[PDB]
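As a starting point, one isolated chain is supplied in structure tokens, in the form solved without the RNA.
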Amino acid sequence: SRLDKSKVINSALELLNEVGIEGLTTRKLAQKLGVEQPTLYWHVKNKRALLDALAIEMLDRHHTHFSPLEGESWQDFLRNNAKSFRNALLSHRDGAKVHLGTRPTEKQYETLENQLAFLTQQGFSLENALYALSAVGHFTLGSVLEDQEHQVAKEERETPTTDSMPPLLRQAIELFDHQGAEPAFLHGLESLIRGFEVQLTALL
């Protein structure tokens, strides 16, 4: 009958792992909690609010490199931040779908101001710092979203033979599956950082 933040978020993350993001509804959560829906409303007004709370919790638990570390290079900060963000998105079933569209709350503002102060002090324009961080965020989401979906689709589709593909495509696809999700993420992340370096050197 009684709720608080921690009770509602712990039950919701277990439900997310049991049923996935489409399966998750405020009604199913109230039931798992053994509470009536109007008690739950004061804590999560709707699905959207629930998703946002769950995305923030996953970052609070697993996003260890949210903020720059003294005395990291900007390149190491961007790589570590992306890796940490990725770990948060992979922490739960459909975690990156949970994260899409999330807004910062006031408790992240200090962190997010420090990221920008740090990059601009490294020589980035404000605009270039914003889009370096945006590009890292969009590439990391895309990466995890595509990974997480192939995983789901395999219960649902005939598993494809590569035998009949033409030679370069066969070799590329077999190599992409062989090396797996983390090497593809690290290769793209490195290409982004190299591009940021090139653009920064110009500018100044």
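All residue numbers are counted from 1 along the displayed sequence. Think of the rigid core as the biggest set of C-alphas that the two forms share within 1.5 Å after superposition.
Omitted here: the form deposited with the RNA bound. The next part is about that form.
**Q** Looking in the deposited bound form, is the RNA within 4.5 Å of a heavy atom from each of 25, 41 and 47?
**A** So, yes: the whole triplet contacts the RNA.
**Q** Would residue 151 show up as a contact with the RNA in the deposited bound form if we use heavy atoms at 4.5 Å?
**A** So residue 151 does not count as contacting the RNA.
**Q** Within 4.5 Å, heavy atoms only: does residue 37 come near the RNA in the deposited bound form?
**A** Although the RNA is absent here, residue 37 would touch it in the deposited bound form, with heavy atoms inside 4.5 Å.
**Q** Quick one: find which of 66-74, 143-151, 53-61, 26-34 has residues within 4.5 Å of the RNA in the deposited bound form by heavy atom distance.
**A** Correct option: 26-34.
**Q** Would you mind telling me which residue of 35, 145, 135, 59 shifts its Cα by 2 Å or more between the shown form and the other one when the core is superposed?
**A** After core superposition, the one over threshold is 35.
**Q** C-alpha of residue 75: shift of 2 angstroms or more between the shown form and the other one, rigid core aligned?
**A** Stays below the 2 Å threshold, so no.
**Q** C-alpha of residue 111: shift of 2 angstroms or more between the shown form and the other one, rigid core aligned?
**A** Yes, the C-alpha position differs by at least 2 Å between the shown form and the other one.
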